[PDB]
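Only one chain is shown below, in structure tokens, and it's the form deposited in one PDB entry.
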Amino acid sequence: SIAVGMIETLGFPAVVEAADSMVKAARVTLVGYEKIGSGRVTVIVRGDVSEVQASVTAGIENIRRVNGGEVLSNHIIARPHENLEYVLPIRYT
């Protein structure tokens, strides 16, 4: 519950397929898209702890089928602290 999962890719087309696969394979909500340069882009979703684990794995699998896609990093947090909601872009805004 109150989980946050995210996948960082090297390349923009791969991160779009990641976000499309996460929200489709489980009842999660894509909430954020972050750019930090060096071709690193991350899509952040929220949902149940079990829904995210399936959505993130579905995201990493579909990137393998992207021409030129590459996964840089991926992480799942069970339930983050409340102060993380009002700072990091893990929410709708």
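Residues that one form lacks are left out of the comparison. Think of the rigid core as the biggest set of C-alphas that the two forms share within 1.5 Å after superposition. The first residue of the sequence shown is number 1, and the count goes up from there.
Below, we refer to the form deposited in another entry, which is not included among the displayed structures.
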query	finding
Moved residue between the shown form and the other one - picked from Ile76, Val16, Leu84, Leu72, where its Cα shifts 2 angstroms or more relative to the rigid core	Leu84
Direction of Cα pair change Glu82-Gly47 in the other entry, magnitude 3 angstroms or more	closer
Change in CA distance between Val87 and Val71 in the other entry, which is 3 Å or more, as closer or farther	farther
Stretches between the shown form and the other one where the CA atoms of at least 3 consecutive shared residues shift 2 Å or more, core fixed	78-93
